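Enquirer: Provided herewith is a single structure, encoded as structure tokens, for subsequent inquiry.
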Amino acid sequence: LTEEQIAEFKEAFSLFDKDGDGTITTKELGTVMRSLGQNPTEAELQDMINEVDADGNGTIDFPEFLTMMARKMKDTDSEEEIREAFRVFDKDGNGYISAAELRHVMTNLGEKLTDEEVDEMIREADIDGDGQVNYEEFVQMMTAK
Amino acid sequence: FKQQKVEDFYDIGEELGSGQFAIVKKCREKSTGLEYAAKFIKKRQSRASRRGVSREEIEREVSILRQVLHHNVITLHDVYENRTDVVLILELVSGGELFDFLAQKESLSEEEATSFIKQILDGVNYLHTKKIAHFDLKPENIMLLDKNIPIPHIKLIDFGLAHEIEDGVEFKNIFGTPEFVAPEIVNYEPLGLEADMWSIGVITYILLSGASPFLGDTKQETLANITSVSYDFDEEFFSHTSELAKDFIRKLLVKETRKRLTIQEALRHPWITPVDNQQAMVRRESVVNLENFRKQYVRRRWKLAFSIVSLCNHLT
Ligand SMILES: [Ca+2]
Ligand SMILES: [Ca+2]
Ligand SMILES: [Ca+2]
Ligand SMILES: [Ca+2]
Numbered sequence: 005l006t007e008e009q010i011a012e013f014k015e016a017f018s019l020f021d022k023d024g025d026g027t028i029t030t031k032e033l034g035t036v037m038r039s040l041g042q043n044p045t046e047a048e049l050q051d052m053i054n055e056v057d058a059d060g061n062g063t064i065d066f067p068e069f070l071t072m073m074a075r076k077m078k079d080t081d082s083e084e085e086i087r088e089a090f091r092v093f094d095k096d097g098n099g100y101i102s103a104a105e106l107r108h109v110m111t112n113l114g115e116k117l118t119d120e121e122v123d124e125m126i127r128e129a130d131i132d133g134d135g136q137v138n139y140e141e142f143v144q145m146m147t148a149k
Numbered sequence: 004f005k006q007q008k009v010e011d012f013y014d015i016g017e018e019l020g021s022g023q024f025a026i027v028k029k030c031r032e033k034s035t036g037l038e039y040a041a042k043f044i045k046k047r048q049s050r051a052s053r054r055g056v057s058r059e060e061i062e063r064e065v066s067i068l069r070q071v072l073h074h075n076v077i078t079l080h081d082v083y084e085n086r087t088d089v090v091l092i093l094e095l096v097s098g099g100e101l102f103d104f105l106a107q108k109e110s111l112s113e114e115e116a117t118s119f120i121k122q123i124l125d126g127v128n129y130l131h132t133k134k135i136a137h138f139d140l141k142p143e144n145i146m147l148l149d150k151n152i153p154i155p156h157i158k159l160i161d162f163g164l165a166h167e168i169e170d171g172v173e174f175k176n177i178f179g180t181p182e183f184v185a186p187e188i189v190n191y192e193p194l195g196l197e198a199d200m201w202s203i204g205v206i207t208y209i210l211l212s213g214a215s216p217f218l219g220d221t222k223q224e225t226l227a228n229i230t231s232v233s234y235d236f237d238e239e240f241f242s243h244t245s246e247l248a249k250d251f252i253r254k255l256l257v258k259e260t261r262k263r264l265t266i267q268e269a270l271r272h273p274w275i276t277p278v279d280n281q282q283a284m285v286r287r288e289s290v291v292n293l294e295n296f297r298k299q300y301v302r303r304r305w306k307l308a309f310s311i312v313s314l315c316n317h318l319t
């Protein structure tokens, strides 16, 4: 997926790599996971990094992040990981992603985006026009393109 | 070409992209410390053209890059050759695509759009004065030297389809991205410098509306719309577009090659260079449609959020 892999690469790596040194230490992955309500231990972070650590330097390089993305997309059902992503986005469990929830998730990820960008994201994801994102609209945002 | 090893003089780094039979990687010259982009083109040199590039095409591309020296066009620095590849060490262009930079803007008038389009027109003018056709003008090949200045510097890259237009010889071929090719390309008709102007018209259409003029649901529909010159200025996408811009695009998207605007005529079109203050003020007040342009950008932002969340879920 040359175009999609390049886009997800450039974006996700830079979102994790908040200091910009070319690598991803366990601390950055830990901070990102803790901003998303998860609480992994240092041993678990090191085990995550070691399963793809090809050059054995302790951190995750660029192609190691690519191979980790590949193993993620290969070891799970697409629908199930999309469901879990939606459950992460939709916090109150009402079945609709509002603007507040989307903005909260984006800011927890480390994005400094204004309200206009959150509004345009919601609108681009909104198909029926109620102002929120259905689960179907979510998967159609994540479906084939 | 230099028969010496590339690794002997350049430190090879991250991969910047690729194409069909070529791969570009960032590199640094060891003797100077300056950074460049090494484009490895896999040699073929066998009659079975299924895998590899002919030596004729490589020599043509290298000759074109050597003859071209402009501030809006990429510059060839060196060429090496081993037993498998030919390596073109070129000027590093690391500012991304022009459209990727324009999308992340808050508002874009037609004046700044015409400034960028005029950088493109200066590049194409330098190319056409030497009777060199680019034949692969598309937003993927409109890069920025650096997105670190207010008005970035545009560079034209990827001369894999460039060809020398000689007087009195017929050059016909089928290549390029179908969305951006001229009617004489899809019809296998004699080619010239006019296809570059047609592609510039398509690029201006896309920059101004976010939609493509002849792009259909399938390749057949796209080719039929190109050969039939079938496009419109829909008010849903062209509500704010000025009349000068529409006249410019209309004068660029013509089937008959002799009636199509040349690069110099596009440089003198009032939309690029206004004649009076009235049309300059009109070009100031006209706003480009930045919503249909940022559509795909915000979609990929959605996908990035999804990828981060899914990677965090997959590990716990
Ligand atoms: Ca780091
Ligand atoms: Ca590593
Ligand atoms: Ca909700
Ligand atoms: Ca909805």
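As given, the protein sequences belong to chains D and A, one line each in that order. 5 is the number of the first residue of the first sequence in the entry's author numbering; add one for each residue after it. 4 is the number of the first residue of the second sequence in the entry's author numbering; add one for each residue after it. Cβ coordinates follow ideal geometry from the N, Cα and C atoms, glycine included.
(1) For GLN267(A) and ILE154(A), what's the separation of their Cα atoms in angstroms?
(2) Would you mind stating whether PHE20(D) and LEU33(D) have Cβ atoms separated by less than 9 angstroms?
(3) Helix, strand or coil for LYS175(A) per DSSP?
(4) Taking a cut of 8 angstroms between CB atoms, which residues from the stretch 66 to 85 of chain D lie near chain A?
(5) Could you give the DSSP three-state label for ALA308(A): helix, strand or coil?
(6) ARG69(A) lies in the alpha helix (DSSP H); which residues open and close that run?
(7) Consider the Cβ of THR6(D): report whether some Cβ of chain A lies at a distance smaller than 9 angstroms.
(8) Could you check what DSSP says for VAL9(A) in three-state terms: helix, strand or coil?
(9) Is it right to say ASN292(A) is buried, meaning 16 or more other beta carbons lie within 10 angstroms of its own, or is it exposed?
(10) Give me the Cα-Cα distance between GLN136(D) and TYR300(A), rounded to the nearest whole angstrom.
(11) Does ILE311(A) come within less than 9 angstroms of chain D when only Cβ atoms are used?
(12) In three-state terms, what does DSSP make of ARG50(A)?
(13) Listed in chain order, which residues of the stretch 274 to 301 of chain A have Cβ atoms closer than 8 angstroms to some Cβ of chain D?
(14) Looking at the C-beta of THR180(A), does it have a partner C-beta in chain D at a distance below 9 angstroms?
(15) Tell me the start and end of each unbroken alpha helix (DSSP H) in the stretch 258 to 306 of chain A that is at least 4 residues and wholly inside, in chain order.
(16) Any contact of the stretch 138 to 151 of chain A with the stretch 87 to 99 of chain A, i.e. 3+ C-beta pairs under 8 angstroms?
(17) Going by Cα to Cα distance, which pick from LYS262(A), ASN295(A) and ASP125(A) is closest to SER242(A)?
(18) Give the single residue among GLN23(A), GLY204(A) and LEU91(A) whose Cα lies nearest to the Cα of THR117(A).
(19) What span of residues does the beta strand (DSSP E) with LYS42(A) cover, start to end?
(20) Measuring alpha carbon to alpha carbon, tell me which residue in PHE4(A), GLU173(A), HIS137(A) and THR35(A) is nearest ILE61(A).
(21) Mapping DSSP to helix, strand and coil, what is residue 1(A)?
(22) To be precise: take each residue of the stretch 20 to 50 of chain A, compare its Cβ to all Cβ atoms of chain D, and keep it if any distance is under 9 angstroms. Which residues remain?
(23) Is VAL27(A) helix, strand or coil by DSSP?
(24) Tell me where the beta strand (DSSP E) around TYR83(A) begins and ends.
(25) Counting only C-beta atoms, is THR319(A) closer than 9 angstroms to chain D at any point?
(26) Which runs of the alpha helix (DSSP H) fall wholly inside the stretch 110 to 142 of chain A and span at least 4 residues, in chain order?
(27) At which residues does the beta strand (DSSP E) containing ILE157(A) begin and terminate?
(28) DSSP on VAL143(D), reduced to helix/strand/coil?
(29) Less than 9 angstroms between the beta carbons of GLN144(D) and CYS315(A), yes or no?
(30) Could you tell me the boundaries of the alpha helix (DSSP H) in which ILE152(A) lies?
(31) Can you tell which of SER202(A), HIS80(A), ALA106(A) and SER310(A) has the C-alpha that lies nearest to the C-alpha of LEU264(A)?
(32) State the Cα-Cα distance for the pair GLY16(A) and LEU106(D), rounded to the nearest angstrom.
Expert: Based on what the coordinates show:
(1) Straight-line measurement puts the Cα of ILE154(A) at about 23 angstroms from the Cα of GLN267(A).
(2) yes
(3) In the structure shown, the three-state DSSP call for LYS175(A) is coil.
(4) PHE66, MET72, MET73, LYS76, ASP79, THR80 and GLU85
(5) helix
(6) 58 to 70
(7) Yes, because at least one Cβ of chain A sits closer than 9 angstroms to the Cβ of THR6(D).
(8) coil
(9) Sixteen is the threshold: when 16 or more other Cβ atoms of the shown chains lie within 10 Å of the Cβ of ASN292(A), as they do, the residue is buried.
(10) 19 angstroms
(11) yes
(12) coil
(13) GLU294, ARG297, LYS298 and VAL301
(14) no
(15) 266 to 270 and 280 to 288
(16) yes
(17) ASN295(A)
(18) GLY204(A)
(19) First-last of the beta strand (DSSP E) with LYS42(A): 38 to 45.
(20) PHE4(A)
(21) Lying before the first or after the last residue shown, residue 1(A) is absent from chain A, which here runs from 4 to 319.
(22) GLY20 and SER21
(23) DSSP places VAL27(A) in strand when its eight states are reduced to three.
(24) 79 to 84
(25) yes
(26) Fully enclosed alpha helix (DSSP H) runs of 4 or longer: 113 to 132.
(27) 157 to 159
(28) helix
(29) Against a cut-off of 9 angstroms, the Cβ pair of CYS315(A) and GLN144(D) comes out as no contact.
(30) From DSSP, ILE152(A) is part of no alpha helix (DSSP H); its letter is neither H nor E.
(31) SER202(A)
(32) 37 angstroms
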